[PDB]
Amino acid sequence: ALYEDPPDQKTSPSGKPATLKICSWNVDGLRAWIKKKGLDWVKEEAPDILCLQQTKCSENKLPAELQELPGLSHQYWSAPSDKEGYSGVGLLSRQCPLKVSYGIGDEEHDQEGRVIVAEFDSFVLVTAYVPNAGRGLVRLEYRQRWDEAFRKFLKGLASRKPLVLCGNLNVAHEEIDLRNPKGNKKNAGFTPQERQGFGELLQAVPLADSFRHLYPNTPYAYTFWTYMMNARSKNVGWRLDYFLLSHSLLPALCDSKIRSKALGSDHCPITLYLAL
DNA sequence: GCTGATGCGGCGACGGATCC
DNA sequence: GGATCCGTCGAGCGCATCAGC
Ligand SMILES: [Cl-]
């Protein structure tokens, strides 16, 4: 079935208007995404904060266009030190964060270019490009050990300020989160191990899945489609991209959007509206 | 400098069997 | 004998390195 994201709900359960718009996009090659006009789409979305994943771009290679975003002028970038051309994340913000850090505890020795932490007045934002389990699950054990390290890391942060985690978490949590659950149960992104890791992330930190919280029974809502086999035109997809929130932020939650129509990557943007 | 091949990382279509 | 299950295979894209010029 095709999918039509419902209209933007811009007011919280208590009637407060949204004051903060966060957009997250796994761009699958930041320089190619720009050439495919992804920044034109960002401009129309006008987020306060833009998180980008799979940029595949070290900071010296950022296109000039990123220097022409006056409403997203505070920019933080990360890319892995060995595997240049892979992973890579970015966080761009209208207002300057109070603190920024990289990685999940030892980035200075294992510069992975997967995680950015930014602390604002009212919340801490984490964006992540979570390690894929690999074709044939060759890196699944690593993914499980990464999941555990990440959970512990985030539990520490959320003990201080409320947490917003966004990005490509690279698992479809439940069967409703992908088009072909039965055929993919031995594939990266839908193994029992990865699904369990996501469930434990929600329980241990604790975090809520903003979109599923608002739309608990809505199927065919995906954020990724393989480039092969015309999967996007058929909406044969996976929901890999999330906004997870501390429970205490749920009264600020206005809406969590899937921007299905925005092209330029094999993932689409997702957008969060918060009343802070 | 530039192009294009190759390497590497990030699953749905289809054929055949099985279920009742 | 239509629906479902299951395993196999052939498959887009981006960016790095490498060869060639
Ligand atoms: Cl990558």
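Just so it is clear: chains get the letters A, B, ... in the order the sequence lines come, proteins before strands, and each one is counted from 1. Any value given below was found using the heavy atoms of this structure, including those in side chains, with hydrogens, waters and symmetry copies removed.
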Find every protein N or O atom lying less than 3.5 Å from an N or O atom of nucleotides 4-8 of chain B, and list the pairs.
from	atom 1	to	atom 2	distance (Å)
B/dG7	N2	A/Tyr86	OH	3.4
B/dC8	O2	A/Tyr86	OH	2.6

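- Distance, A/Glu59 CD to C/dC15 P: 17 Å, rounded to whole Å.
- Between the CG atom of A/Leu263 and the P atom of C/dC13 there is a distance of 13 Å, given to the nearest Å.
- The separation between A/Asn170 atom CG and B/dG9 atom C1' is 11 Å, rounded to whole Å.
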Expected rows: protein N/O vs nucleotides 13-17 of chain B N/O, under 3.5 Å:
from	atom 1	to	atom 2	distance (Å)
B/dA13	OP1	A/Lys234	NZ	2.8

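- The pair A/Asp241-A/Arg259 fails the salt-bridge criterion, with no side-chain N (NZ, NE, NH1 or NH2) lying under 4.0 Å from an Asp/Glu carboxylate O.
- A/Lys21 has a carboxylate O that lies under 4.0 Å from a charged side-chain N of A/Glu45, or vice versa, which qualifies the two as a salt bridge.
- Both A/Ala231 and A/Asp28 lie near DNA chain B, and the one whose nearest nucleotide falls closer to the 5' end is A/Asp28.
- At a threshold of 4.0 angstrom between heavy atoms, the contacts of A/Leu30 are confined to the sugar-phosphate backbone, with no base atom among them.
- What separates CE of A/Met228 from P of B/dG10 is a distance of 13 Å, to the nearest Å.
- A/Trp238 comes within contact range of the sugar-phosphate backbone alone, with a heavy-atom separation under 4.0 Å but no base atom that close.
- Side-chain contact between A/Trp225 and A/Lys234 is absent, with no heavy-atom pair separated by less than 4.5 Å.
- Atom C1' of nucleotide B/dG10 and atom CD of A/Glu112 are separated by 16 Å, given to the nearest angstrom.
- What separates CG of A/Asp266 from P of B/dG9 is a distance of 16 Å, to the nearest Å.
- Side-chain rings of A/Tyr76 and A/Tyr102 stay apart, their centers remaining 6.0 Å or farther from each other.
- Backbone-only engagement by A/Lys36 is indicated by non-hydrogen atom pairs under 4.0 Å involving sugar-phosphate atoms exclusively.
- With salt bridges taken as basic N to acidic carboxylate O contacts below 4.0 Å, one links A/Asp48 and A/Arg94.
- Taking atom NZ of residue A/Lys185 and atom P of nucleotide C/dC5, one finds them 9 Å apart after rounding to whole Å.
- Partners of A/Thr218 under the side-chain contact (heavy atoms from CB on, under 4.5 Å) rule, at least two apart in sequence or in another chain, are A/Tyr3, A/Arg212, A/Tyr215.
- When each of B/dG10, C/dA16, B/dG12 is scored by its nearest atom to the side-chain atoms of A/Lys61, the top-ranked nucleotide is C/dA16.
- Side-chain nitrogen and oxygen atoms of A/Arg143 include none within less than 4.0 Å of the OP1 or OP2 phosphate oxygen of B/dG9.
- Remark: A/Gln75 pairs with A/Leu66, A/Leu69, A/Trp77, A/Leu92 by the side-chain contact (heavy atoms from CB on, under 4.5 Å) rule, at least two apart or across chains.
- Across the protein-nucleic acid pair, A/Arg239 atom CZ and B/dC11 atom P stand 17 Å apart, rounded to whole Å.
- Between A/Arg179 and B/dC11, a side-chain N or O to OP1/OP2 separation shorter than 4.0 Å is absent.
- When the salt bridge (charged side-chain N to carboxylate O under 4.0 Å, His left out) test is applied to A/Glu107, no partner is found at least two apart in sequence or on another chain.
- Looking at A/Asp147 and A/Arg151, no side-chain N of the basic residue comes within less than 4.0 Å of a carboxylate O on the acidic one, giving no salt bridge.
- Taking atom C1' in both B/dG9 and C/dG12, the straight-line distance is 13 Å, to the nearest Å.
- Listed by first and then second residue, the ring pair (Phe, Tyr, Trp, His ring centres under 6.0 Å) pairs involving residues 26-61 of chain A are A/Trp25-A/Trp33, A/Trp25-A/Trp41 (not counting sequence neighbours).
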